[PDB]
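Engineer: Just one file: my_file.tsv, with TSV, C-alpha atoms.
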```
chain	number	residue	atom	x	y	z
S	1	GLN	CA	-16.35	-31.68	-24.09
S	2	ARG	CA	-13.12	-29.76	-23.25
S	3	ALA	CA	-14.93	-26.61	-24.45
S	4	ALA	CA	-17.11	-26.86	-21.27
S	5	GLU	CA	-13.94	-26.99	-19.13
S	6	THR	CA	-13.14	-23.53	-20.54
S	7	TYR	CA	-16.26	-22.08	-18.89
S	8	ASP	CA	-14.87	-23.67	-15.71
S	9	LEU	CA	-11.58	-21.73	-16.18
S	10	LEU	CA	-12.89	-18.32	-17.26
S	11	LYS	CA	-15.36	-18.39	-14.35
S	12	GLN	CA	-12.28	-19.19	-12.26
S	13	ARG	CA	-10.02	-16.41	-13.61
S	14	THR	CA	-12.71	-13.76	-13.34
S	15	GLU	CA	-13.31	-14.58	-9.68
S	16	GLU	CA	-9.59	-14.40	-9.01
S	17	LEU	CA	-9.46	-11.14	-10.92
S	18	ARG	CA	-12.44	-9.83	-8.92
S	19	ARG	CA	-10.61	-10.75	-5.72
S	20	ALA	CA	-7.31	-9.16	-6.74
S	21	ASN	CA	-9.07	-5.96	-7.74
S	22	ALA	CA	-10.84	-5.81	-4.35
S	23	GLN	CA	-7.49	-6.13	-2.65
S	24	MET	CA	-6.01	-3.29	-4.73
S	25	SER	CA	-9.06	-1.27	-3.94
S	26	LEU	CA	-8.70	-1.49	-0.17
S	27	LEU	CA	-5.00	-0.58	-0.41
S	28	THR	CA	-5.79	2.31	-2.71
S	29	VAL	CA	-8.40	3.72	-0.29
S	30	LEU	CA	-6.03	3.39	2.69
S	31	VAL	CA	-3.31	5.33	0.91
S	32	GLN	CA	-5.75	8.03	-0.25
S	33	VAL	CA	-7.26	8.46	3.19
S	34	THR	CA	-3.81	8.80	4.69
S	35	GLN	CA	-2.83	11.44	2.18
S	36	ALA	CA	-6.05	13.43	2.47
S	37	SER	CA	-6.02	13.73	6.32
S	38	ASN	CA	-4.06	16.28	8.33
S	39	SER	CA	-4.12	14.64	11.72
S	40	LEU	CA	-4.30	11.14	13.18
S	41	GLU	CA	-7.87	11.51	14.54
S	42	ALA	CA	-9.37	12.32	11.12
S	43	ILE	CA	-7.89	9.14	9.64
S	44	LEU	CA	-9.33	6.57	12.07
S	45	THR	CA	-13.00	6.27	11.07
S	46	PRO	CA	-12.25	6.32	7.32
S	47	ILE	CA	-9.78	3.45	7.83
S	48	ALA	CA	-12.30	1.48	9.93
S	49	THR	CA	-14.91	2.17	7.32
S	50	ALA	CA	-12.61	1.00	4.56
S	51	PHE	CA	-12.03	-2.32	6.31
S	52	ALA	CA	-15.73	-2.66	7.09
S	53	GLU	CA	-16.74	-2.40	3.42
S	54	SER	CA	-13.90	-4.67	2.21
S	55	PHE	CA	-14.67	-7.47	4.65
S	56	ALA	CA	-18.45	-6.99	4.83
S	57	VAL	CA	-18.35	-6.81	8.65
S	58	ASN	CA	-21.11	-6.10	11.11
S	59	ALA	CA	-18.62	-3.79	12.80
S	60	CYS	CA	-14.99	-2.57	12.68
S	61	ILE	CA	-13.03	-0.79	15.43
S	62	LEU	CA	-9.57	0.77	15.13
S	63	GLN	CA	-8.33	1.67	18.64
S	64	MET	CA	-5.04	3.25	19.70
S	65	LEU	CA	-2.73	1.87	22.37
S	66	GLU	CA	-0.83	3.55	25.17
S	67	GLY	CA	1.81	1.00	26.17
S	68	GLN	CA	-0.53	-2.00	26.43
S	69	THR	CA	-3.74	-0.18	27.45
S	70	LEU	CA	-6.41	0.72	24.91
S	71	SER	CA	-6.64	4.47	24.40
S	72	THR	CA	-9.80	6.49	24.26
S	73	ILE	CA	-8.51	7.47	20.80
S	74	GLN	CA	-10.25	5.30	18.19
S	75	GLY	CA	-12.38	5.20	15.03
S	76	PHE	CA	-15.14	2.79	14.09
S	77	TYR	CA	-17.95	1.62	11.82
S	78	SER	CA	-21.03	-0.53	12.45
S	79	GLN	CA	-24.16	-1.60	10.62
S	80	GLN	CA	-25.87	-1.34	13.99
S	81	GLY	CA	-27.33	1.90	15.38
S	82	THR	CA	-24.49	2.00	17.96
S	83	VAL	CA	-20.89	0.87	18.27
S	84	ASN	CA	-20.31	-1.13	21.39
S	85	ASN	CA	-16.68	-1.14	22.32
S	86	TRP	CA	-15.93	-3.91	24.79
S	87	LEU	CA	-12.40	-4.71	23.61
S	88	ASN	CA	-10.84	-3.93	27.02
S	89	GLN	CA	-12.89	-6.88	28.29
S	90	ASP	CA	-12.02	-9.13	25.35
S	91	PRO	CA	-9.72	-12.16	25.68
S	92	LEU	CA	-9.17	-12.16	21.95
S	93	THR	CA	-7.94	-8.52	21.91
S	94	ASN	CA	-5.91	-9.14	25.04
S	95	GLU	CA	-4.08	-12.02	23.32
S	96	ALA	CA	-3.40	-9.82	20.28
S	97	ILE	CA	-1.86	-7.10	22.43
S	98	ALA	CA	0.26	-9.63	24.32
S	99	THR	CA	1.52	-11.68	21.34
S	100	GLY	CA	1.59	-9.18	18.52
S	101	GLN	CA	-0.16	-11.82	16.40
S	102	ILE	CA	-3.36	-11.85	14.44
S	103	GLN	CA	-6.15	-13.67	16.36
S	104	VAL	CA	-8.87	-15.47	14.42
S	105	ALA	CA	-11.96	-16.84	16.07
S	106	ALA	CA	-13.92	-18.12	13.12
S	107	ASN	CA	-16.84	-19.37	15.21
S	108	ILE	CA	-17.34	-18.03	18.77
S	109	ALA	CA	-19.66	-20.89	19.86
S	110	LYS	CA	-16.57	-23.07	19.66
S	111	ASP	CA	-14.02	-21.09	21.57
S	112	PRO	CA	-15.14	-21.97	25.09
S	113	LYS	CA	-12.95	-19.09	26.35
S	114	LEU	CA	-15.22	-16.81	24.27
S	115	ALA	CA	-18.67	-18.49	24.04
S	116	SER	CA	-19.75	-17.50	27.56
S	117	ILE	CA	-18.77	-13.82	27.33
S	118	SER	CA	-21.92	-11.68	27.75
S	119	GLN	CA	-20.72	-9.14	25.24
S	120	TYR	CA	-20.23	-11.58	22.38
S	121	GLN	CA	-23.69	-12.98	23.10
S	122	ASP	CA	-25.63	-9.71	23.40
S	123	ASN	CA	-24.05	-8.27	20.26
S	124	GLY	CA	-24.61	-11.51	18.35
S	125	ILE	CA	-21.00	-11.83	17.41
S	126	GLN	CA	-20.25	-15.22	15.94
S	127	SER	CA	-16.82	-14.56	14.41
S	128	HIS	CA	-14.04	-12.12	15.32
S	129	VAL	CA	-10.59	-11.26	13.95
S	130	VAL	CA	-8.30	-8.88	15.76
S	131	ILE	CA	-4.99	-7.82	14.35
S	132	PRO	CA	-2.40	-5.73	16.09
S	133	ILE	CA	-1.25	-2.68	14.23
S	134	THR	CA	2.52	-2.65	14.52
S	135	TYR	CA	5.10	-0.36	12.99
S	136	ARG	CA	8.58	-1.87	13.12
S	137	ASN	CA	8.19	-3.40	16.56
S	138	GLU	CA	6.03	-0.54	18.03
S	139	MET	CA	2.46	-1.71	18.52
S	140	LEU	CA	0.32	1.35	17.88
S	141	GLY	CA	-3.12	-0.16	18.24
S	142	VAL	CA	-5.57	-2.94	17.34
S	143	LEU	CA	-8.06	-3.39	14.55
S	144	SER	CA	-11.09	-5.53	15.27
S	145	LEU	CA	-13.37	-7.08	12.64
S	146	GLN	CA	-16.73	-8.45	13.81
S	147	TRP	CA	-19.47	-10.50	12.13
S	148	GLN	CA	-22.83	-11.95	13.14
S	149	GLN	CA	-22.14	-15.20	11.28
S	150	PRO	CA	-19.26	-17.66	11.33
S	151	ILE	CA	-16.61	-16.86	8.74
S	152	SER	CA	-14.14	-18.97	6.86
S	153	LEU	CA	-11.27	-16.77	5.65
S	154	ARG	CA	-9.43	-17.69	2.43
S	155	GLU	CA	-5.59	-17.67	2.20
S	156	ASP	CA	-5.76	-14.53	0.04
S	157	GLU	CA	-7.98	-12.79	2.63
S	158	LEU	CA	-5.42	-13.46	5.38
S	159	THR	CA	-2.54	-12.11	3.25
S	160	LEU	CA	-4.65	-8.98	2.65
S	161	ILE	CA	-5.24	-8.55	6.40
S	162	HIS	CA	-1.53	-8.88	7.13
S	163	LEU	CA	-0.45	-6.42	4.49
S	164	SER	CA	-3.36	-4.01	5.21
S	165	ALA	CA	-2.57	-3.77	8.86
S	166	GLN	CA	1.06	-3.29	8.07
S	167	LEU	CA	0.24	-0.42	5.72
S	168	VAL	CA	-2.06	1.09	8.34
S	169	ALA	CA	0.78	1.03	10.80
S	170	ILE	CA	3.01	2.89	8.29
S	171	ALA	CA	0.09	5.28	7.87
S	172	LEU	CA	-0.56	6.07	11.54
S	173	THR	CA	3.16	6.53	12.23
S	174	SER	CA	3.40	9.19	9.53
S	175	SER	CA	0.22	10.97	10.59
S	176	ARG	CA	1.99	12.14	13.75
S	177	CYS	CA	4.15	14.48	11.71
S	178	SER	CA	3.70	18.24	12.32
D	1	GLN	CA	-17.24	-20.42	-33.72
D	2	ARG	CA	-18.08	-18.62	-30.42
D	3	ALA	CA	-15.94	-21.27	-28.67
D	4	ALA	CA	-12.85	-19.61	-30.28
D	5	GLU	CA	-13.93	-16.23	-28.82
D	6	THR	CA	-13.56	-17.88	-25.39
D	7	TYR	CA	-9.82	-18.36	-25.98
D	8	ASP	CA	-9.83	-14.64	-26.78
D	9	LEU	CA	-11.39	-13.89	-23.34
D	10	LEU	CA	-9.42	-16.28	-21.12
D	11	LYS	CA	-6.19	-15.02	-22.71
D	12	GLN	CA	-7.56	-11.57	-21.87
D	13	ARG	CA	-8.48	-12.29	-18.22
D	14	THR	CA	-5.20	-14.01	-17.48
D	15	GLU	CA	-3.21	-11.04	-18.74
D	16	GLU	CA	-5.31	-8.71	-16.62
D	17	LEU	CA	-4.85	-11.04	-13.69
D	18	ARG	CA	-1.09	-11.14	-14.34
D	19	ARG	CA	-1.05	-7.34	-14.35
D	20	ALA	CA	-3.10	-6.98	-11.16
D	21	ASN	CA	-0.87	-9.46	-9.36
D	22	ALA	CA	2.25	-7.51	-10.42
D	23	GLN	CA	0.72	-4.37	-9.00
D	24	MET	CA	-0.03	-6.09	-5.68
D	25	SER	CA	3.47	-7.41	-5.69
D	26	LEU	CA	5.14	-4.02	-5.94
D	27	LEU	CA	2.92	-2.64	-3.16
D	28	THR	CA	3.63	-5.65	-1.00
D	29	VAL	CA	7.41	-5.24	-1.40
D	30	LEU	CA	7.24	-1.51	-0.60
D	31	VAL	CA	5.36	-2.15	2.62
D	32	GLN	CA	7.72	-4.97	3.64
D	33	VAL	CA	10.83	-2.93	2.95
D	34	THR	CA	9.44	-0.08	4.99
D	35	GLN	CA	8.70	-2.34	7.91
D	36	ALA	CA	12.03	-4.16	7.81
D	37	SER	CA	14.24	-0.99	7.82
D	38	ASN	CA	15.22	1.03	10.87
D	39	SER	CA	16.30	4.24	9.23
D	40	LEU	CA	15.50	6.23	6.09
D	41	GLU	CA	18.86	5.54	4.38
D	42	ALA	CA	18.44	1.74	4.49
D	43	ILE	CA	15.08	2.01	2.72
D	44	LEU	CA	16.13	3.97	-0.38
D	45	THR	CA	17.95	1.41	-2.54
D	46	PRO	CA	15.43	-1.37	-1.84
D	47	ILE	CA	12.62	0.96	-2.94
D	48	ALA	CA	14.52	1.97	-6.10
D	49	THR	CA	15.24	-1.66	-6.75
D	50	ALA	CA	11.60	-2.57	-6.30
D	51	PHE	CA	10.53	0.00	-8.89
D	52	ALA	CA	13.33	-1.07	-11.23
D	53	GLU	CA	12.16	-4.70	-11.30
D	54	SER	CA	8.45	-3.78	-11.58
D	55	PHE	CA	8.94	-1.42	-14.52
D	56	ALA	CA	11.86	-3.24	-16.17
D	57	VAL	CA	13.94	-0.02	-16.24
D	58	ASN	CA	17.51	0.52	-17.30
D	59	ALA	CA	17.84	2.58	-14.14
D	60	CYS	CA	15.88	3.95	-11.14
D	61	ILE	CA	16.89	6.78	-8.78
D	62	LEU	CA	15.12	7.83	-5.58
D	63	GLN	CA	16.61	11.16	-4.41
D	64	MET	CA	15.69	13.27	-1.37
D	65	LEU	CA	14.88	16.97	-1.47
D	66	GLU	CA	15.91	19.82	0.77
D	67	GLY	CA	13.39	22.58	-0.01
D	68	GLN	CA	13.67	22.39	-3.81
D	69	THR	CA	17.32	21.23	-4.09
D	70	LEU	CA	18.22	17.59	-4.60
D	71	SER	CA	19.93	16.13	-1.55
D	72	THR	CA	22.99	13.98	-1.55
D	73	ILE	CA	20.72	11.46	0.21
D	74	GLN	CA	19.44	8.96	-2.37
D	75	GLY	CA	19.15	5.30	-3.38
D	76	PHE	CA	19.36	3.75	-6.83
D	77	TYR	CA	19.49	0.77	-9.18
D	78	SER	CA	20.90	0.32	-12.68
D	79	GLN	CA	21.53	-2.48	-15.14
D	80	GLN	CA	24.65	-0.55	-16.09
D	81	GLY	CA	27.98	-0.88	-14.25
D	82	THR	CA	27.47	2.64	-12.82
D	83	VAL	CA	24.63	4.92	-11.84
D	84	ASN	CA	24.94	8.32	-13.42
D	85	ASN	CA	22.95	10.86	-11.53
D	86	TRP	CA	22.42	13.98	-13.62
D	87	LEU	CA	18.97	14.90	-12.30
D	88	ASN	CA	20.13	18.33	-11.04
D	89	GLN	CA	20.78	19.11	-14.71
D	90	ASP	CA	17.50	17.63	-15.92
D	91	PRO	CA	14.62	19.77	-17.25
D	92	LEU	CA	12.23	16.91	-16.69
D	93	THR	CA	13.14	16.58	-12.96
D	94	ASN	CA	13.13	20.34	-12.61
D	95	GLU	CA	9.55	20.50	-13.91
D	96	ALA	CA	8.51	17.74	-11.48
D	97	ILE	CA	9.94	19.63	-8.52
D	98	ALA	CA	8.28	22.87	-9.63
D	99	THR	CA	4.81	21.48	-10.46
D	100	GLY	CA	4.45	18.55	-8.13
D	101	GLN	CA	3.22	16.56	-11.14
D	102	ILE	CA	4.33	13.36	-12.75
D	103	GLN	CA	6.40	14.06	-15.93
D	104	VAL	CA	6.35	11.55	-18.77
D	105	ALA	CA	8.68	11.75	-21.71
D	106	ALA	CA	7.81	8.64	-23.63
D	107	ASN	CA	10.34	9.28	-26.41
D	108	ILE	CA	13.25	11.69	-25.80
D	109	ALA	CA	14.04	12.17	-29.53
D	110	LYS	CA	10.75	14.05	-29.67
D	111	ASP	CA	11.00	16.41	-26.77
D	112	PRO	CA	13.24	19.02	-28.36
D	113	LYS	CA	13.83	20.44	-24.85
D	114	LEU	CA	15.36	17.04	-24.02
D	115	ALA	CA	16.80	15.57	-27.27
D	116	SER	CA	19.91	17.76	-27.27
D	117	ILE	CA	20.91	17.15	-23.64
D	118	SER	CA	24.35	15.44	-23.58
D	119	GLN	CA	23.40	13.30	-20.63
D	120	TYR	CA	20.33	11.73	-22.21
D	121	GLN	CA	22.41	10.99	-25.31
D	122	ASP	CA	25.50	9.51	-23.63
D	123	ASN	CA	23.42	7.28	-21.35
D	124	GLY	CA	21.19	6.21	-24.24
D	125	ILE	CA	18.05	7.25	-22.49
D	126	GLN	CA	15.09	7.21	-24.82
D	127	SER	CA	12.23	7.45	-22.31
D	128	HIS	CA	12.00	8.96	-18.82
D	129	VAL	CA	9.32	9.28	-16.14
D	130	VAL	CA	9.89	11.34	-13.04
D	131	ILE	CA	7.37	11.51	-10.26
D	132	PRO	CA	7.55	13.72	-7.22
D	133	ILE	CA	7.24	11.98	-3.92
D	134	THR	CA	4.83	14.05	-1.87
D	135	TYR	CA	3.35	13.46	1.55
D	136	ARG	CA	0.30	15.63	2.16
D	137	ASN	CA	1.68	18.71	0.42
D	138	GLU	CA	5.35	18.19	1.55
D	139	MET	CA	7.49	17.14	-1.40
D	140	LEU	CA	10.11	14.81	0.05
D	141	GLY	CA	11.92	13.81	-3.10
D	142	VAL	CA	11.76	12.55	-6.68
D	143	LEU	CA	11.74	9.10	-8.21
D	144	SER	CA	13.17	8.74	-11.70
D	145	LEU	CA	12.55	5.81	-14.05
D	146	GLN	CA	14.82	5.49	-17.10
D	147	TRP	CA	14.79	3.25	-20.17
D	148	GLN	CA	16.93	2.81	-23.28
D	149	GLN	CA	13.88	2.38	-25.50
D	150	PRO	CA	10.72	4.43	-26.01
D	151	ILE	CA	7.90	3.35	-23.72
D	152	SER	CA	4.16	3.49	-24.03
D	153	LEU	CA	2.61	3.34	-20.55
D	154	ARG	CA	-0.84	1.76	-20.10
D	155	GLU	CA	-3.58	3.44	-17.99
D	156	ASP	CA	-3.11	0.78	-15.30
D	157	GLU	CA	0.67	1.44	-15.22
D	158	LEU	CA	0.06	5.16	-14.59
D	159	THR	CA	-2.41	4.45	-11.76
D	160	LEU	CA	0.25	2.15	-10.23
D	161	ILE	CA	2.89	4.90	-10.45
D	162	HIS	CA	0.58	7.41	-8.77
D	163	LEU	CA	-0.39	5.12	-5.94
D	164	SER	CA	3.17	3.70	-5.54
D	165	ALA	CA	4.71	7.10	-5.17
D	166	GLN	CA	2.03	8.09	-2.75
D	167	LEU	CA	2.72	5.02	-0.63
D	168	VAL	CA	6.45	5.72	-0.78
D	169	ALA	CA	5.80	9.18	0.53
D	170	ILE	CA	3.82	7.71	3.47
D	171	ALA	CA	6.76	5.35	3.92
D	172	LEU	CA	9.58	7.92	3.98
D	173	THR	CA	7.63	10.20	6.33
D	174	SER	CA	7.30	7.40	8.88
D	175	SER	CA	10.92	6.30	8.57
D	176	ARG	CA	11.99	9.53	10.29
D	177	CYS	CA	10.54	8.30	13.56
D	178	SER	CA	13.01	7.67	16.43
```
If you convert what's in this file into structure tokens, what do you get?
Structural biologist:
Amino acid sequence: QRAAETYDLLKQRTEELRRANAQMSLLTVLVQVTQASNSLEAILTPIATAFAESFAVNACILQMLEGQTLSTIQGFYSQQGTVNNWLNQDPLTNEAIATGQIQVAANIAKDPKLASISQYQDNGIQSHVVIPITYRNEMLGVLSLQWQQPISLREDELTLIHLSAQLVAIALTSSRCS
Amino acid sequence: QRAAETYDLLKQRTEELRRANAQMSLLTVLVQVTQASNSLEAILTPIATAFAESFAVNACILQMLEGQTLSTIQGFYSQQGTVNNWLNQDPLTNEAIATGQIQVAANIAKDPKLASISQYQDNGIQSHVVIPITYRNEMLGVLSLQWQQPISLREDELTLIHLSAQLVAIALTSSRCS
């Protein structure tokens, strides 16, 4: 009966509601973190951590740029006992820096330009998204999201990444104000 | 039957979903506007306009501060044929500047400190919210929301105002970067 296709539509709304709330929650935390810090360095790990929890990553790295080189300045989170930063050796990151575009590798085994990279293999990284962090046209850094399984991002998750990163860029650019 | 108390809960979820989407939408527009501008002055009206549409105001004013004086620098929106800025003569605004707190006057006729003010009367303003716009502890300006009817803000609407304003403060502080 059409009263069973109402369980199909409440179960649908609630999931959408759940999703929308989780989006709001990430944006809320990013604003809070920005307001509570007093320097750029204090803000980095908290931001990485915020993305890590939102996207259930194995690891997240937020790394600053000087021109088009990765800075030593960075913040990070990992479920592992150590964070292994090999982004300077990463084709995916290198394409992000060059093109100013989000780069999505949903399944490493399939990008042949990525499948044979020792670092992806030894860290067990099977999906990777890297997004430049750009304020106006100034690229301030990159944010890397890493998982040990292949992912399949929804439309809403990609919108959230685009907006998130954009907010983060507003955030970093203000943090440099003494 | 309990199948009629499922229409009561889908009609409930959808409204909550509607609300959450409208929140996301305001935050999205504020980020976009910040990224698309190239100066602080270009950003002001768009931000005021964004709040005006979100909160269905009669008018919105976003006005910069120098120390604790209102600047000439400002942006605004109004349904009226003219924007009448009388915030320098406003006790509500003056309390916001002094206390760094949101000020809510849901029904002017009832604040006796506000009911006899010529400007509230002649503009037909029956409710008024003014929120300082503060980055870290630096108060950059005030944002004023004005209606011709009494309002009754929901919990979610107040959270949105707090976060919004906080984002705007991040936004203005970055805009000053040449």
Engineer: Hey, what's within 8 Å of segment 78-81 of chain D if we count all atoms listed in the file and toss same-chain stuff fewer than 5 positions away? As an NGL selection string, please?
Structural biologist: :D and (52 or 57-60)
Engineer: Identify every residue of chain S that has at least one atom within 6 Å of any atom of chain D, counting all atoms listed in the file, and report the result as a PyMOL selection string.
Structural biologist: chain S and resi 10+17+35+136+173-174
Engineer: Mind fitting chain D to chain S by least squares on all Cα atoms in order and giving back the moved coordinates as a short mmCIF file (atom, residue, chain, number, x, y, z; two decimals) with C-alpha atoms, in the coordinates of the input?
Structural biologist:
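Done, and the output landed in selection_29.cif:
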```cif
data_model
loop_
_atom_site.label_atom_id
_atom_site.label_comp_id
_atom_site.auth_asym_id
_atom_site.auth_seq_id
_atom_site.Cartn_x
_atom_site.Cartn_y
_atom_site.Cartn_z
CA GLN D 1 -16.36 -31.68 -24.08
CA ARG D 2 -13.12 -29.76 -23.26
CA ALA D 3 -14.93 -26.61 -24.45
CA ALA D 4 -17.11 -26.86 -21.27
CA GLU D 5 -13.94 -26.98 -19.12
CA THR D 6 -13.14 -23.53 -20.55
CA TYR D 7 -16.26 -22.08 -18.89
CA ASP D 8 -14.87 -23.67 -15.72
CA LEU D 9 -11.58 -21.72 -16.17
CA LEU D 10 -12.89 -18.32 -17.27
CA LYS D 11 -15.35 -18.39 -14.35
CA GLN D 12 -12.28 -19.19 -12.26
CA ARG D 13 -10.02 -16.41 -13.61
CA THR D 14 -12.71 -13.77 -13.33
CA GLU D 15 -13.31 -14.58 -9.68
CA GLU D 16 -9.59 -14.39 -9.01
CA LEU D 17 -9.45 -11.14 -10.92
CA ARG D 18 -12.43 -9.83 -8.93
CA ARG D 19 -10.61 -10.75 -5.72
CA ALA D 20 -7.31 -9.16 -6.75
CA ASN D 21 -9.07 -5.96 -7.75
CA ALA D 22 -10.84 -5.81 -4.35
CA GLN D 23 -7.49 -6.13 -2.65
CA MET D 24 -6.02 -3.29 -4.72
CA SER D 25 -9.07 -1.27 -3.94
CA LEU D 26 -8.70 -1.49 -0.18
CA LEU D 27 -5.00 -0.58 -0.41
CA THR D 28 -5.78 2.31 -2.70
CA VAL D 29 -8.39 3.72 -0.29
CA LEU D 30 -6.03 3.39 2.69
CA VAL D 31 -3.31 5.33 0.91
CA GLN D 32 -5.75 8.03 -0.25
CA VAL D 33 -7.26 8.47 3.19
CA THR D 34 -3.82 8.80 4.69
CA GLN D 35 -2.83 11.44 2.19
CA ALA D 36 -6.06 13.43 2.47
CA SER D 37 -6.02 13.74 6.32
CA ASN D 38 -4.06 16.28 8.33
CA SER D 39 -4.12 14.64 11.72
CA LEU D 40 -4.30 11.14 13.18
CA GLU D 41 -7.87 11.51 14.53
CA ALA D 42 -9.37 12.32 11.11
CA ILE D 43 -7.89 9.14 9.65
CA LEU D 44 -9.33 6.57 12.07
CA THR D 45 -13.00 6.27 11.06
CA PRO D 46 -12.24 6.31 7.32
CA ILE D 47 -9.78 3.45 7.83
CA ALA D 48 -12.30 1.48 9.93
CA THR D 49 -14.91 2.17 7.32
CA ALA D 50 -12.61 1.00 4.56
CA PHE D 51 -12.03 -2.32 6.31
CA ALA D 52 -15.73 -2.66 7.09
CA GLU D 53 -16.74 -2.40 3.42
CA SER D 54 -13.90 -4.67 2.21
CA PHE D 55 -14.67 -7.47 4.66
CA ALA D 56 -18.45 -6.99 4.83
CA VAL D 57 -18.35 -6.82 8.65
CA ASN D 58 -21.11 -6.10 11.11
CA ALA D 59 -18.62 -3.79 12.80
CA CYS D 60 -14.99 -2.57 12.68
CA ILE D 61 -13.03 -0.79 15.43
CA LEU D 62 -9.57 0.78 15.13
CA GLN D 63 -8.34 1.67 18.64
CA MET D 64 -5.03 3.25 19.70
CA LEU D 65 -2.73 1.87 22.37
CA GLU D 66 -0.84 3.56 25.16
CA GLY D 67 1.81 1.00 26.17
CA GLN D 68 -0.52 -2.00 26.43
CA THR D 69 -3.74 -0.18 27.45
CA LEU D 70 -6.41 0.72 24.92
CA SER D 71 -6.65 4.47 24.41
CA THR D 72 -9.79 6.49 24.26
CA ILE D 73 -8.51 7.47 20.79
CA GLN D 74 -10.25 5.30 18.19
CA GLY D 75 -12.38 5.20 15.03
CA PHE D 76 -15.14 2.79 14.09
CA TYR D 77 -17.95 1.61 11.82
CA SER D 78 -21.03 -0.53 12.45
CA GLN D 79 -24.16 -1.60 10.62
CA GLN D 80 -25.87 -1.34 13.99
CA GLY D 81 -27.32 1.90 15.38
CA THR D 82 -24.48 1.99 17.96
CA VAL D 83 -20.89 0.87 18.27
CA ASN D 84 -20.30 -1.13 21.40
CA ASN D 85 -16.68 -1.14 22.32
CA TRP D 86 -15.93 -3.91 24.79
CA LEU D 87 -12.40 -4.71 23.61
CA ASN D 88 -10.84 -3.93 27.02
CA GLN D 89 -12.89 -6.88 28.28
CA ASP D 90 -12.02 -9.13 25.35
CA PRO D 91 -9.72 -12.17 25.68
CA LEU D 92 -9.17 -12.17 21.95
CA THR D 93 -7.94 -8.51 21.91
CA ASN D 94 -5.91 -9.14 25.03
CA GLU D 95 -4.08 -12.02 23.32
CA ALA D 96 -3.40 -9.81 20.28
CA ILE D 97 -1.86 -7.10 22.43
CA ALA D 98 0.26 -9.63 24.32
CA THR D 99 1.51 -11.67 21.34
CA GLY D 100 1.59 -9.18 18.53
CA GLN D 101 -0.16 -11.82 16.40
CA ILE D 102 -3.35 -11.84 14.43
CA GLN D 103 -6.15 -13.67 16.36
CA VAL D 104 -8.87 -15.46 14.43
CA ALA D 105 -11.96 -16.84 16.06
CA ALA D 106 -13.92 -18.12 13.12
CA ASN D 107 -16.85 -19.37 15.22
CA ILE D 108 -17.34 -18.03 18.77
CA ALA D 109 -19.66 -20.89 19.86
CA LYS D 110 -16.57 -23.07 19.66
CA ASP D 111 -14.02 -21.09 21.58
CA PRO D 112 -15.14 -21.97 25.09
CA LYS D 113 -12.96 -19.09 26.35
CA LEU D 114 -15.22 -16.82 24.27
CA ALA D 115 -18.68 -18.48 24.04
CA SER D 116 -19.74 -17.50 27.56
CA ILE D 117 -18.76 -13.82 27.33
CA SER D 118 -21.92 -11.68 27.76
CA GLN D 119 -20.72 -9.14 25.24
CA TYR D 120 -20.23 -11.58 22.38
CA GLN D 121 -23.70 -12.98 23.10
CA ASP D 122 -25.63 -9.71 23.41
CA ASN D 123 -24.06 -8.27 20.26
CA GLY D 124 -24.61 -11.51 18.36
CA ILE D 125 -21.00 -11.83 17.41
CA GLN D 126 -20.25 -15.22 15.94
CA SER D 127 -16.82 -14.57 14.42
CA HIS D 128 -14.04 -12.12 15.31
CA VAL D 129 -10.60 -11.26 13.95
CA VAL D 130 -8.31 -8.88 15.77
CA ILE D 131 -4.99 -7.82 14.35
CA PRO D 132 -2.40 -5.73 16.09
CA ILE D 133 -1.25 -2.69 14.23
CA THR D 134 2.52 -2.65 14.52
CA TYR D 135 5.10 -0.36 12.99
CA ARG D 136 8.58 -1.86 13.11
CA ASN D 137 8.19 -3.40 16.56
CA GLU D 138 6.03 -0.54 18.03
CA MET D 139 2.46 -1.71 18.52
CA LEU D 140 0.31 1.35 17.88
CA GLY D 141 -3.12 -0.17 18.24
CA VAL D 142 -5.56 -2.94 17.35
CA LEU D 143 -8.06 -3.39 14.55
CA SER D 144 -11.10 -5.53 15.26
CA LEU D 145 -13.37 -7.08 12.64
CA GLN D 146 -16.73 -8.46 13.81
CA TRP D 147 -19.46 -10.50 12.13
CA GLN D 148 -22.83 -11.95 13.14
CA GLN D 149 -22.14 -15.20 11.28
CA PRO D 150 -19.25 -17.67 11.33
CA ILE D 151 -16.61 -16.86 8.74
CA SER D 152 -14.14 -18.97 6.85
CA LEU D 153 -11.27 -16.77 5.65
CA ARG D 154 -9.43 -17.69 2.43
CA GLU D 155 -5.59 -17.67 2.21
CA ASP D 156 -5.76 -14.53 0.04
CA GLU D 157 -7.99 -12.79 2.63
CA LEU D 158 -5.41 -13.46 5.38
CA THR D 159 -2.54 -12.12 3.25
CA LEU D 160 -4.65 -8.98 2.65
CA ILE D 161 -5.24 -8.55 6.40
CA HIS D 162 -1.53 -8.88 7.14
CA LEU D 163 -0.45 -6.42 4.50
CA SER D 164 -3.37 -4.00 5.20
CA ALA D 165 -2.57 -3.77 8.86
CA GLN D 166 1.06 -3.29 8.07
CA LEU D 167 0.24 -0.43 5.72
CA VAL D 168 -2.06 1.09 8.34
CA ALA D 169 0.78 1.03 10.79
CA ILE D 170 3.01 2.89 8.29
CA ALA D 171 0.09 5.27 7.87
CA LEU D 172 -0.56 6.07 11.54
CA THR D 173 3.16 6.53 12.23
CA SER D 174 3.40 9.19 9.53
CA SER D 175 0.21 10.97 10.59
CA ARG D 176 1.98 12.14 13.75
CA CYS D 177 4.15 14.48 11.71
CA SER D 178 3.70 18.24 12.32
#
```
Engineer: From the list S:130, S:139, S:55, S:97, which residue is nearest residue 151 of chain S when using only C-alpha atoms?
Structural biologist: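 Using only C-alpha atoms, residue 151 of chain S sits closest to S:55.
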